[PDB]
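Contents: one structure, followed by commentary.
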Amino acid sequence: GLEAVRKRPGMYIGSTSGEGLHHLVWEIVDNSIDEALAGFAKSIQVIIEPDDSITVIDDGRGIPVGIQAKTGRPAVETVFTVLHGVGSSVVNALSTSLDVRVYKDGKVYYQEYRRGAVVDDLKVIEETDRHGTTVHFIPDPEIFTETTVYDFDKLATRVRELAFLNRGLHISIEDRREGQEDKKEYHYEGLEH
Ligand SMILES: CCc1[nH]c2nc(Sc3cnc4ncc(=O)[nH]c4c3)nc(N3CC[C@@H](N)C3)c2c1Cl
């Protein structure tokens, strides 16, 4: 399964250099873009956390949490744990840790993984009035041996491109790292312009 991804990451993300490190971001963001395309997500936030980890927040419907008959597991768990807009499990495999929060039907559903392996069963941890999905991941330095340090300008450039290609979407990029905090927000207007 996902162990194959950890041993041959080059076959799944193209490179284990800085390029592959940034590719992880797009693999998660692309899923949020698909939910904007479906018509539900209106805003996406990408955050470089102070420790070079990544958070992606959207306000879509939230990844399905119901048990699938085919697997006997919550759909969201399968998304991150089974190899398949299909790259979530690859990001999981290549991260020291990944946590997902799904905001759906008044509840926050939470699951975490470590180097691709499930920590515990999906659990309701809070009540909420919002909807969407938040994915946070820490890229694995065992995989990304050259660099685990993000390039804000590189991310911002593509985020702007994504805003343009998905006209109407609100998408932002934020750097929370020490001595260089920054945020850029992008939104190209539709017919209301
Ligand atoms: C924060 C990243 C994020 N946000 C999401 N929102 C959603 S919202 C959503 C809600 N209900 C759905 N029902 C059917 C469907 O096909 N797609 C859906 C998508 N789904 C995510 N998935 C599901 C499948 C895979 N593309 C990942 C994600 C992911 Cl991953």
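As a basis for the values below, the full set of heavy atoms in this structure was taken, side chains included, without hydrogen atoms, waters or symmetry mates. We count residues from 1, following the sequence as given.
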Original post:
Between the side chains of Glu174 and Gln45, does any donor sit under 3.5 Å from an acceptor?
Top reply: no
Original post:
What distance separates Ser88 OG from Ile28 CD1, expressed to the nearest 0.5 Å?
Top reply: 4.5 Å
Subject >> Backbone N/O of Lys107 and side chain of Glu127: donor-acceptor pair under 3.5 Å >> reply: no
Original post:
Has the side chain of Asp34 got a donor or acceptor atom that lies under 3.5 Å from a matching backbone atom of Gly85?
Top reply: no
**OP:** Quick one: do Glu35 and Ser32 satisfy side-chain hydrogen bond (donor to acceptor under 3.5 Å, both in side chains)? Show the steps, please.
**Re:** CA-CA 5 Å; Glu35 182 64 356; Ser32 292; over 6 Å; no
Subject >> Residues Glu19 and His23: side-chain donor-acceptor under 3.5 angstrom >> reply: no
**OP:** Check the pair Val124 / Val108 against side chain to side chain contact (heavy atoms under 4.5 Å, CB included), numbers first and verdict last.
**Re:** CA-CA 5 Å; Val124 171; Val108 188; over 6 Å; no
Original post:
In terms of side-chain heavy atoms, does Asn92 have a donor or acceptor partner in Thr81 at a distance below 3.5 Å?
Top reply: no
**OP:** Determine, stepwise, if the pair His136 / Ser53 fulfils side-chain hydrogen bond (donor to acceptor under 3.5 Å, both in side chains).
**Re:** CA-CA 7 Å; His136 164 256; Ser53 70; 2.7 Å; yes
Original post:
Counting only N and O atoms by type, is there a donor-acceptor contact under 3.5 Å from the side chain of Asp58 to the main-chain atoms of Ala41?
Top reply: no
Original post:
Do side-chain atoms of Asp151 reach the backbone of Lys154 as a donor and acceptor pair under 3.5 angstrom?
Top reply: yes
**OP:** Evaluate the ring planes of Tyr150 and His22, with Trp represented by its six-membered ring, and classify them as parallel (under 30°), tilted (30 to 60°) or perpendicular (over 60°).
**Re:** perpendicular
Original post:
Can you find a side-chain donor-acceptor pair between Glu49 and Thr55 that sits under 3.5 Å?
Top reply: yes
Original post:
Going through the distances and angles, do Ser95 and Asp140 end up as a side chain to side chain contact (heavy atoms under 4.5 Å, CB included)?
Top reply: CA-CA 4 Å; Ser95 295; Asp140 191 352; 5.6 Å; no
Subject >> Donor-acceptor under 3.5 Å (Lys123 side chain, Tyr110 main chain) >> reply: no
Original post:
Got a donor-acceptor contact below 3.5 angstrom from the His84 side chain to the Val82 backbone?
Top reply: yes
Subject >> OG1 on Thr148 to CG on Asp52, rounded to 0.5 Å >> reply: 6.0 Å
Original post:
So, is the end of the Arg167 side chain (NZ or CZ) under 6.0 Å from the ring centre of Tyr188 and within 45° of the ring's axis?
Top reply: no
